[PDB]
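Enquirer: Residue numbers (the entry's author numbering), protein chains in the order written: chain F, 21 to 138; chain Y, 347 to 395; chain D, 21 to 130; chain L, 199 to 297.
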Amino acid sequence: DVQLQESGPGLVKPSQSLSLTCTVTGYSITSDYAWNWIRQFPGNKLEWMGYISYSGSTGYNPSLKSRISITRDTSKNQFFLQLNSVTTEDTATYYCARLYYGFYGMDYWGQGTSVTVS
Amino acid sequence: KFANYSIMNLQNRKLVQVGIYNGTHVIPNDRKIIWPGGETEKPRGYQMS
Amino acid sequence: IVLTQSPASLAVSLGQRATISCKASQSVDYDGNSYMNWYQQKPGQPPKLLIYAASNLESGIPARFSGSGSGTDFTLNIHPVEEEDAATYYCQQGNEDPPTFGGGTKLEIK
Amino acid sequence: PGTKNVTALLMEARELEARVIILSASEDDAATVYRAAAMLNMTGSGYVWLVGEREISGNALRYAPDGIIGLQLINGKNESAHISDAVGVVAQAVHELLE
Ligand SMILES: *[C@@H]1O[C@H](CO)[C@@H](O)[C@H](O)[C@H]1NC(C)=O
Ligand SMILES: *[C@@H]1O[C@H](CO)[C@@H](O)[C@H](O)[C@H]1NC(C)=O
Ligand SMILES: *[C@@H]1O[C@H](CO)[C@@H](O)[C@H](O)[C@H]1NC(C)=O
């Protein structure tokens with residue numbers, strides 16, 4: 021069936037840019053849709069960063085657009101989140117999820133990856 | 347020419363096919379037609395004044 | 021402009037209805053539609069969408085889960101209740117920006 | 199396209215005797231016109247809605263009113279079959295022409 025996988029560098033020597041990789045196998049990548057980045061803190065609360073379609077539409081937080089880059093890789097059409105600075109203490113989980121447009125139907129979800137802001 | 351289309355009825359923000367256009371005719375499916383205003387009976391748009 | 025879930029640790033037994041109150045400050049109801057989603061999660065577990073629109077059946081789970089209310093208030097009704105329902109449940113609006121997290125109430129078993 | 203205020207335009211649209219409305223525009227323009235129609239009670243009963251492929255999805259899909267009847271092309275993205283058929287037809291044409 022349609023499968024997705026998320027990975028990333030996670031942690032290397034400091035003062036670097038995380039490039040978290042999200043891709044989907046078994047299904048077409050760039051037909052319609054919403055692709056959301058999701059951030060969760062061990063305090064059990066969620067929040068939103070941004071969405072990208074195939075329509076080309078993009079939407080991000082006004083206060084968080086500073087150091088977030090959504091980049092393309094065409095060999096399989098996987099999308100990369102570039103963000104500055106990775107550490108260990110600020111252990112938070114990140115998800116990439118394709119979903120029905122309008123933030124309405126969360127069709128798929130991410131598995132979660134360790135990303136830190138500290 | 348003769349492209350065979352499909353028609354989608356928005357059933358509570360969902361993708362449901364209710365008919366196939368065979369290039370000359372639109373053969374519908376068994377699913378009822380969901381009309382604007384939350385109705386399933388057919389409105390006829392020729393209301394007099 | 022705060023969004024909450026009531027309560028964090030409620031009394032849940034077997035067979036009755038369980039009422040989770042998703043209070044959203046904004047006016048959710050758009051053109052006669054309130055964009056609600058309820059989903060489950062575990063710490064470190066991939067979330068899965070439990071129910072959508074609060075009134076449309078989700079493929080895989082019977083009518084035990086439902087949602088009522090309008091505008092400022094909404095209610096996840098678990099009727100009846102089972103034991104494995106212990107999870108972090110989240111209510112999410114879908115009308116427009118801002119995408120605002122719900123209370124994410126954790127279901128405890130008595 | 200890209201207009202910021204056509205509420206009055208939909209007003210004379212509703213002034214018309216008929217109750218059938220049909221659209222063909224871009225995704226963002228369709229989203230804006232759907233917002234205008236929803237905020238002006240133009241999505242009510244009787245007003246049957248038929249729209250094209252360009253506006254049954256994309257940005258307009260969020261503000262899409264209930265009861266939208268859309269159309270699409272079957273397998274409009276499966277490129278392997280498209281390119282296989284194109285290769286077949288072009289090879290047939292080349293063979294027949296050179297013969
Ligand atoms: C909307 O457009 C009408 C003309 O059709 C104009 O009279 C009115 O002032 C405009 N209002 C706004 C908020 O643009
Ligand atoms: C739309 O219709 C409803 C119900 O008839 C009414 O309450 C509302 O005022 C109408 N909207 C406008 C802009 O008149
Ligand atoms: C549609 O794409 C899938 C992708 O592998 C392929 O297996 C299938 O044969 C395609 N359908 C047609 C009709 O070519």
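Where is the CB? At the ideal position from N, CA and C, for every residue including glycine.
Could you tell me if F:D21 is buried or exposed, where buried requires 16 or more neighbouring beta carbons within 10 angstroms of its beta carbon?
Expert: Classification for F:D21: exposed.
Enquirer: Could you check whether the region 376-387 of chain Y touches the region 68-87 of chain D, counting it as contact only if at least three pairs of C-beta atoms, one from each stretch, sit closer than 8 Å?
Expert: The region 376-387 of chain Y, when compared against the region 68-87 of chain D, does not touch it at the 8 Å Cβ threshold.
Enquirer: Whose CA, out of D:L30, D:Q25 and D:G35, lies closest to the CA of D:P100?
Expert: The residue with the shortest Cα to Cα distance from D:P100 is D:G35.
Enquirer: For D:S90, count neighbouring C-beta atoms within 10 Å of its own C-beta (all shown protein chains included) and say buried if the count is 16 or more, exposed if not.
Expert: Exposed, because fewer than 16 other Cβ atoms sit within 10 Å of the Cβ of D:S90.
Enquirer: Do D:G124 and F:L119 count as a contact pair if the criterion is CB distance below 8 Å?
Expert: Cβ distance not < 8 Å, so F:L119 and D:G124 don't count as in contact.
Enquirer: I need the straight-line Cα distance from D:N57 to D:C111, nearest angstrom please.
Expert: Whole-angstrom Cα-Cα distance: 6 Å.
Enquirer: Is there at least one Cβ from chain L nearer than 8 Å to F:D52's Cβ?
Expert: Chain L contact via Cβ: present.
Enquirer: Under 8 Å, Cβ to Cβ, is there at least one residue of chain L near Y:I373?
Expert: So no, Y:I373 is outside the interface.
Enquirer: Going by CA-CA distance only, name the one from L:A291, L:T241, L:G256 and L:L248 that's closest to L:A229.
Expert: Measuring from the Cα of L:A229, the nearest candidate turns out to be L:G256.
Enquirer: Say the cut is 7 Å; is the CB of residue 178 of chain L nearer than that to a heavy atom of ligand 2?
Expert: Past the edges of chain L, shown from 199 to 297, lies residue 178 of chain L, and the structure says nothing about it.
Enquirer: CB of F:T107 to nearest heavy atom of ligand 1: below 7 Å?
Expert: F:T107 Cβ: outside cutoff for every heavy atom of ligand 1.
Enquirer: Would you say the beta carbon of Y:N350 comes nearer than 7 Å to a heavy atom of ligand 3?
Expert: Answer for Y:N350: no, Cβ out of range of ligand 3.
Enquirer: How would you write the range of the beta strand (DSSP E) that D:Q61 sits in, first residue to last?
Expert: Per DSSP, D:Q61 belongs to the beta strand (DSSP E) from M56 to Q61.
Enquirer: Can you pull the chain L neighbours of residue 134 of chain D, defined as C-beta to C-beta under 9 Å?
Expert: Absent from the model: residue 134 of chain D. The displayed extent of chain D is 21 to 130, so no value can be given.
Enquirer: Helix, strand or coil: how does DSSP classify D:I21 here?
Expert: If DSSP states are grouped into helix, strand and coil, D:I21 belongs with coil.
Enquirer: Mind listing, in chain order, the continuous beta strand (DSSP E) runs of no fewer than 3 residues lying wholly within the region 73-109 of chain F?
Expert: Listed in chain order, they are 78-80, 89-93 and 98-104.
Enquirer: Is D:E78 helix, strand or coil by DSSP?
Expert: Three-state result, D:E78: coil.
Enquirer: Between the Cα of D:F85 and the Cα atoms of D:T92, D:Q65 and D:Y109, which residue gives the shortest distance?
Expert: Cα-wise, what sits closest to D:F85 is D:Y109.
Enquirer: Measuring alpha carbon to alpha carbon, tell me which of L:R217, L:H293 and L:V288 ends up nearest Y:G391.
Expert: Among L:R217, L:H293 and L:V288, the Cα nearest to that of Y:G391 belongs to L:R217.
Enquirer: Compute the distance between the beta-carbons of D:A83 and D:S54, then report whether it is under 8 Å.
Expert: No, the pair does not count as a contact, with Cβ atoms beyond the cut-off.
Enquirer: Return the CA-CA distance between Y:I380 and Y:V364, expressed in angstroms with no decimal places.
Expert: For Y:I380 and Y:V364, the distance between alpha carbons rounds to 10 Å.
Enquirer: Interface residues of chain A around Y:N355 at Cβ under 7 Å?
Expert: Here the protein chains are F, Y, D and L, and chain A is not one of them.
Enquirer: Beta-carbon separation of Y:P382 and L:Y232 under 8 Å?
Expert: Taking 8 Å as the Cβ cut-off, Y:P382 and L:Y232 do not qualify as a contacting pair.
Enquirer: Along the chain, where does the beta strand (DSSP E) containing F:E26 start, and where does it finish?
Expert: It spans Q23 to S27 - the beta strand (DSSP E) in which F:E26 sits, taken as one unbroken run.
Enquirer: How is D:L30 classed by DSSP in three states: helix, strand or coil?
Expert: Here D:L30 sits in coil by DSSP.
Enquirer: Do L:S278 and ligand 3 come close, with the Cβ less than 7 Å from some heavy atom?
Expert: Yes, the beta carbon of L:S278 sits closer than 7 Å to at least one heavy atom of ligand 3.
Enquirer: Do the region 234-252 of chain L and the region 120-132 of chain F meet, that is, are 3 or more Cβ pairs less than 8 Å apart?
Expert: They do not touch, by the three-pair rule.
Enquirer: Anything in chain D within Cβ reach of Y:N358, meaning under 7 Å, just list it in chain order.
Expert: Going along chain D in sequence order, the residues near Y:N358 (Cβ under 7 Å) are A73 and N76.
Enquirer: Which of the three DSSP states, helix, strand or coil, is assigned to F:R118?
Expert: In this structure, F:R118 counts as strand in the three-state DSSP scheme.
Enquirer: By Cβ distance below 7 Å, which residues in the same chain neighbour F:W129 in space, the five residues on each side in sequence not counted?
Expert: Here the set comprises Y115 and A117.
Enquirer: Starting from the beta carbon of L:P263, find every residue of chain D whose beta carbon is closer than 7 Å, and list them in chain order.
Expert: Ordered by position in chain D, the residues that pass the 7 Å Cβ test against L:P263 are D51.
Enquirer: Give the range of the alpha helix (DSSP H) segment to which L:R212 is assigned.
Expert: Start and end: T205 to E213.
Enquirer: When every heavy atom of ligand 3 is checked, does at least one fall within less than 7 Å of the C-beta of L:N273?
Expert: It does: the Cβ of L:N273 is within 7 Å (strictly closer) of some heavy atom of ligand 3.
Enquirer: Relative to the C-alpha of F:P82, which candidate in F:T91, F:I90, F:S75 and F:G70 has its C-alpha closest?
Expert: Closest option to F:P82, Cα to Cα, is F:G70.
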